Amino acid sequence: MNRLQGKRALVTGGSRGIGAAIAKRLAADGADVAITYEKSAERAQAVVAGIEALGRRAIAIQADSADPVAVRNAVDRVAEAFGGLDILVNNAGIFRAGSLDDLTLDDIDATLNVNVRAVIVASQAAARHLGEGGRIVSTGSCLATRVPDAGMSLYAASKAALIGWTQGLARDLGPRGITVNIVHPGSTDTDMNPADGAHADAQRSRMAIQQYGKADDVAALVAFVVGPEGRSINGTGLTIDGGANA
Amino acid sequence: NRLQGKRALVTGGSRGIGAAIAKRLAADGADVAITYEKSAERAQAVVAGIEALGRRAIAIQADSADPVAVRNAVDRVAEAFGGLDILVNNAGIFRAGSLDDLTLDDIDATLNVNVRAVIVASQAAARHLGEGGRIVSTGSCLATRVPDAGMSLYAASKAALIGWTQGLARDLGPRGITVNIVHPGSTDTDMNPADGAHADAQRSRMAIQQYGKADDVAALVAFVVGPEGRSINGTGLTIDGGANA
Amino acid sequence: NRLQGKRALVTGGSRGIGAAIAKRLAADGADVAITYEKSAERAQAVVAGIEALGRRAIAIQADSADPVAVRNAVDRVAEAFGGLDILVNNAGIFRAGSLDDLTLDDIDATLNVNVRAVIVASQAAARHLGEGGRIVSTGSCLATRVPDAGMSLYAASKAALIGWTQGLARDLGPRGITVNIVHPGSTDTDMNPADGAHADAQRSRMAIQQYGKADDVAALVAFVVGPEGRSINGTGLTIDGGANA
Amino acid sequence: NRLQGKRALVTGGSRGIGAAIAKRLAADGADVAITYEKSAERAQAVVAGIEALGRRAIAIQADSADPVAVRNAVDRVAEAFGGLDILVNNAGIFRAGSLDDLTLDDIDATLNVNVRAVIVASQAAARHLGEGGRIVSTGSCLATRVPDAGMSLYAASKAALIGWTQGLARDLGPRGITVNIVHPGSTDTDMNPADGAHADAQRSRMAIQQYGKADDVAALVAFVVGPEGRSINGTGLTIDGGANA
Ligand SMILES: NC(=O)c1ccc[n+]([C@@H]2O[C@H](COP(=O)([O-])OP(=O)(O)OC[C@H]3O[C@@H](n4cnc5c(N)ncnc54)[C@H](OP(=O)(O)O)[C@@H]3O)[C@@H](O)[C@H]2O)c1
Ligand SMILES: NC(=O)c1ccc[n+]([C@@H]2O[C@H](COP(=O)([O-])OP(=O)(O)OC[C@H]3O[C@@H](n4cnc5c(N)ncnc54)[C@H](OP(=O)(O)O)[C@@H]3O)[C@@H](O)[C@H]2O)c1
Ligand SMILES: NC(=O)c1ccc[n+]([C@@H]2O[C@H](COP(=O)([O-])OP(=O)(O)OC[C@H]3O[C@@H](n4cnc5c(N)ncnc54)[C@H](OP(=O)(O)O)[C@@H]3O)[C@@H](O)[C@H]2O)c1
Ligand SMILES: NC(=O)c1ccc[n+]([C@@H]2O[C@H](COP(=O)([O-])OP(=O)(O)OC[C@H]3O[C@@H](n4cnc5c(N)ncnc54)[C@H](OP(=O)(O)O)[C@@H]3O)[C@@H](O)[C@H]2O)c1
């Protein structure tokens with residue numbers, strides 16, 4: 001009777017922000033939910049405790065997205081714990097600020113490893129477990145397709161990479177019945193992008209309706225895509241950005 | 001109810017995707033008006049089913065090709081329901097034919113029904129919609145990807161709605177009305193039956209080769225115009241089985 | 001000559017981007033016809049300059065809003081030149097105004113001139129074009145990205161041409177005719193003067209803040225229709241100073 | 001000479017599209033450096049041909065997967081030529097294989113060569129480029145449309161360059177340097193031979209079913225970086241025979 005009755009999900013980067021909202025919403029819709037995190041162990045356990053209080057199974061796994069072995073092992077741990085896997089949400093991500101002149105190799109490698117390679121590795125590992133009706137969603141960005149200012153180029157490249165990955169992976173997994181999609185948030189009130197931050201006025205100015213998005217609304221859209229009326233949504237990008245990309 | 005008290009107009013709501021949209025908005029709590037061209041009995045059956053849920057519903061005969069009829073239909077719904085919160089521009093036609101055989105009548109009918117009617121209804125709705133109002137149009141996966149011959153006029157008509165949607169989101173931003181487009185792929189309807197002559201070729205283009213359900217297209221429209229869709233704006237949402245991957 | 005022996009028609013060739021395209025195709029070797037609506041003096045000056053190069057050239061008054069005039073103009077050029085190799089759909093209008101003030105006349109004029117004329121001329125030209133023929137239309141960076149209010153009808157009309165272009169490339173593929181769209185950004189013309197009141201705002205959207213030259217737009221069109229453009233097909237080429245980045 | 005006095009670096013210039021670009025920039029008047037990984041004989045033959053035109057040319061073994069080597073290659077060219085005007089990021093790999101079989105070595109090699117090397121070279125070149133400088137990268141029609149299984153890592157690596165290109169155009173706007181991406185479709189090279197096993201399937205996706213010529217891709221790159229390309233910026237130019245229509 002739950003929209004996600006019996007479903008088994010992993011949300012990377014689920015301790016805070018958009019990922020925590022997604023984890024809570026999938027649980028609210030009926031799924032058992034695992035999350036990964038890098039450092040926020042207390043906050044991750046609190047997400048888990050809240051999901052368990054609903055009567056769901058939940059686990060939090062410390063797994064550095066930059067480490068492909070940790071990512072692959074986290075996916076396998078979820079499938080072992082829950083008996084299988086139905087939903088993967090690749091959400092953990094970083095935004096390294098800086099000018100072109102100042103860009104470091106460490107920032108390039110960190111961004112490509114966390115924002116791109118971890119998505120590829122988790123997707124491949126999840127595909128070993130997912131069956132017909134399984135769902136993969138990744139968190140992109142409105143910046144993947146429209147870059148309004150300087151200082152965003154490395155991040156934009158990392159999110160644009162996920163568009164090609166998503167469309168190709170939908171072809172790879174089509175015969176097995178697994179959909180692959182990307183949700184592109186615009187400005188969304190989180191620790192990465194606080195609505196009271198110094199740059200928030202400029203970000204609101206780009207929107208058609210000038211209001212930061214809610215993480216819970218991004219989560220609602222992810223939950224629709226991975227839910228019982230989302231089966232024909234596949235290989236595509238869904239932008240929730242207040243009209244910034246109009 | 002997710003759409004408690006909302007007042008909606010779905011053009012071309014007598015059959016197909018539009019009937020599914022009208023039924024879903026009503027199931028979610030909205031009062032729903034539909035237009036139709038000729039299917040008076042089917043339209044009234046849609047209306048009767050919505051009334052049976054306890055909602056208000058009306059069906060207005062209004063030829064999308066006639067811009068006066070379209071504008072009047074929008075105003076008549078606002079009069080009948082007291083206001084208007086949601087406009088879904090869904091009525092559309094697909095005139096089959098080769099480039100060689102393309103007629104002026106087909107060009108005019110397609111542009112008038114699939115484009116001009118959307119512009120006219122959107123403008124009229126903008127005189128009524130308040131803060132939090134929602135406009136959605138039905139596009140097509142063919143608006144951005146055209147796989148074969150014989151689709152060019154139709155693809156042009158749907159691509160036009162992309163520019164309209166993005167610009168209109170800018171126009172209506174200060175008033176707080178979102179404007180979006182939902183692009184179906186192959187969806188089992190009278191226009192595109194899943195047992196039709198072209199249906200194998202259409203399925204072959206998808207990642208998961210099954211025609212879509214009109215009810216799922218309706219579910220996505222209902223999400224966009226609902227209480228968690230306020231930040232979805234100026235954008236296209238494709239539900240096509242992966243055809244455009 | 002890059003376009004030695006080629007036979008071209010550029011709609012709206014009396015001034016602006018169209019005149020620049022006409023002059024460049026002629027400079028590259030082509031015989032060139034142009035259409036215009038009212039600017040007989042400026043059209044004749046374009047023709048006289050092309051004739052001074054030694055090419056054939058004609059100017060046809062042909063209202064793009066009249067489908068019969070458009071078809072007949074295409075047929076007249078093919079008859080006069082003995083054939084047709086290149087069609088450039090460039091004539092267009094930009095009706096300024098708010099959504100509230102948008103008139104049915106504005107809607108019809110924009111769809112008729114900016115969309116229907118392109119479809120009609122393309123179909124007419126396809127009766128004359130052969131293997132190696134080329135169709136290009138003038139789009140706009142606004143077709144895919146609309147930054148402000150007041151542009152929605154125009155953006156819709158240019159976005160329509162993307163779907164048309166991609167579908168027509170499929171239609172004409174077996175016959176070896178490419179179909180492409182060039183999307184200018186802010187380009188210094190009577191429609192969009194670089195020293196105008198709103199030109200500062202348009203420059204601010206660009207990466208390099210300088211209006212484009214009509215002659216550079218013409219250079220890109222000339223590349224697409226020339227001897228190294230055969231594999232450019234079904235696509236949009238944007239020349240907008242980075243506005244759409 | 002359209003590129004009189006210009007000083008260019010083409011990564012992966014020993015074979016294929018890169019060799020064609022290097023040769024075309026030299027034919028247009030530029031001094032040209034190339035990088036290569038292992039084809040020393042081929043690289044020296046490209047250099048010798050350019051020198052026979054009267055231009056300066058150098059070949060540098062520089063593994064794109066090594067960011068220090070990439071940065072050093074850019075600095076070496078700028079030192080040898082006295083400056084730098086044009087950077088073409090062309091070196092790339094396509095690791096064939098299924099999702100099931102994808103290795104971490106494949107993932108790392110593809111991201112290092114196809115993405116990180118472009119970022120590193122672009123940043124290094126920006127220390128030498130001045131007003132009027134040009135950066136172009138070789139993308140792929142697969143960056144935006146993926147028709148089959150087995151392409152997903154590669155498609156991701158080329159899609160990455162679209163976001164890089166648009167963002168870097170913003171970064172380098174105040175300095176007057178344009179940044180663009182040219183997306184070839186099926187182009188007859190060692191990576192994608194026109195008589196290879198998958199070549200029939202690739203031709204079947206096109207509107208005009210013939211593999212592209214590397215020299216035509218080079219001609220389009222040469223246009224973008226030349227004297228009429230100043231307003232082409234932050235954009236993708238696809239040369240794919242209509243595959244992406
Ligand atoms: N907020 C926006 O406006 C916005 C807009 C567009 C896209 N996005 C994308 O949305 C996603 C979530 O962003 P957010 O705003 O919610 O960010 P956030 O507040 O910074 O939260 C980031 C989340 O990712 C986790 N994470 C980061 N690096 C990780 C690593 N190496 N290993 C494991 N987990 C890691 C964090 O774990 P810890 O708690 O342990 O640090 C946390 O759970 C990201 O992909 C971001 O790029 C955000
Ligand atoms: N089915 C697909 O695979 C597909 C895919 C992409 C996009 N679409 C789009 O989805 C929309 C609905 O398509 P559908 O498949 O549901 O089509 P359908 O089965 O042919 O239903 C068409 C609906 O539009 C109405 N309509 C058509 N022309 C009209 C006019 N001149 N005035 C008033 N109403 C008019 C019809 O009214 P009557 O009942 O009175 O005739 C009917 O309610 C269209 O915009 C279509 O282009 C469909
Ligand atoms: N300028 C820009 O910034 C810009 C940017 C993007 C796209 N565009 C597009 O580029 C194209 C050319 O624009 P432009 O800036 O060169 O404009 P322009 O200076 O206004 O010239 C318009 C041309 O189109 C002709 N024309 C207009 N309506 C016509 C009709 N009904 N019948 C026949 N010819 C007609 C005009 O003929 P008359 O001389 O007889 O009036 C003239 O030759 C248009 O499609 C426009 O939308 C322009
Ligand atoms: N061919 C097509 O159909 C097609 C279509 C779309 C995009 N592309 C792209 O076009 C570009 C050129 O492709 P192509 O078809 O000409 O390929 P190719 O025949 O395989 O030539 C590849 C070139 O890149 C160089 N290269 C590769 N890896 C390198 C590395 N680690 N360090 C330095 N140089 C390296 C090669 O050097 P060595 O000679 O030393 O090996 C060679 O010069 C690539 O980015 C490719 O992805 C090709």
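Computation of the quantities below employed the complete heavy-atom set of this structure, encompassing side-chain atoms and omitting hydrogens, waters and symmetry-equivalent molecules. Each chain gets a letter, A, B and so on, in the order its sequence line appears, and its residues count up from 1.
- Within the 4.5 angstrom heavy-atom criterion, no atom of B:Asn112 approaches chain C.
- For chain B, the option among C:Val115, C:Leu153, C:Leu161 with the highest count of heavy-atom pairs below 4.5 Å is C:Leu153.
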Open item on the list: If you apply the rule side chain to side chain contact (heavy atoms under 4.5 Å, CB included), what do you find for B:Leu142 with C:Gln166, and how did you get there?
Closed with: CA-CA 10 Å; B:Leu142 295 182; C:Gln166 292 177 213; over 6 Å; no
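- Here the closest heavy-atom approach between residue C:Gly163 and residue B:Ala159 is recorded as N-CB, 3.7 Å.
- Chain B forms the most heavy-atom pairs under 4.5 Å with one residue out of C:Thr165, C:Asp108, C:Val120, and that residue is C:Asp108.
- At most 12 non-hydrogen atoms from other residues, nucleotides or ligands lie less than 6.0 angstrom from CD of B:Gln210.
- The contact between B:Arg145 and chain C is made by backbone and side chain atoms together, counting heavy-atom distances below 4.5 Å.
- Interface residue C:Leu99: backbone and side-chain heavy atoms are both found under 4.5 Å from chain B.
- Heavy atoms closer than 4.5 Å to chain B are found nowhere in C:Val118, neither backbone nor side chain.
- Within the 4.5 angstrom heavy-atom criterion, only backbone atoms of C:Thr144 (N, CA, C, O) approach chain B.
- A salt bridge is defined here as a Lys NZ or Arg NE, NH1 or NH2 lying under 4.0 Å from an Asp or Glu carboxylate O, and C:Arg127 with B:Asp100 fails to meet this definition.
- What you find for B:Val146 and C:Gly167 is that their closest heavy atoms are CG1-CA, 3.7 Å.
- The residue among C:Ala126, C:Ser98, C:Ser157, C:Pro147 with the most heavy atom pairs within less than 4.5 Å of chain B is C:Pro147.
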TODO: Walk me through it: do C:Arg116 and B:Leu104 pass the test side chain to side chain contact (heavy atoms under 4.5 Å, CB included)?
DONE: CA-CA 9 Å; C:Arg116 182 173 69 185; B:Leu104 184 57; 4.0 Å; yes
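- Interface residue C:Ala143: only backbone heavy atoms are found under 4.5 Å from chain B.
- Proximity to chain B (any heavy atom under 4.5 Å) is shown, for C:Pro174, by neither the backbone nor the side chain.
- The contact between B:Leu172 and chain C is made entirely by side chain atoms (from C-beta outward), counting heavy-atom distances below 4.5 Å.
- Proximity to chain C involves both the backbone and the side chain of B:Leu168, based on heavy atoms less than 4.5 angstrom apart.
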- [ ] Take C:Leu102 and B:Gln123 through the test side chain to side chain contact (heavy atoms under 4.5 Å, CB included) and record every step on the way to the result.
- [x] CA-CA 8 Å; C:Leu102 184 62; B:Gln123 180 189 40; 3.5 Å; yes
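- Counting heavy-atom pairs under 4.5 Å between each of C:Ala160, C:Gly234, C:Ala149, C:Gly150 and chain B puts C:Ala160 at the top.
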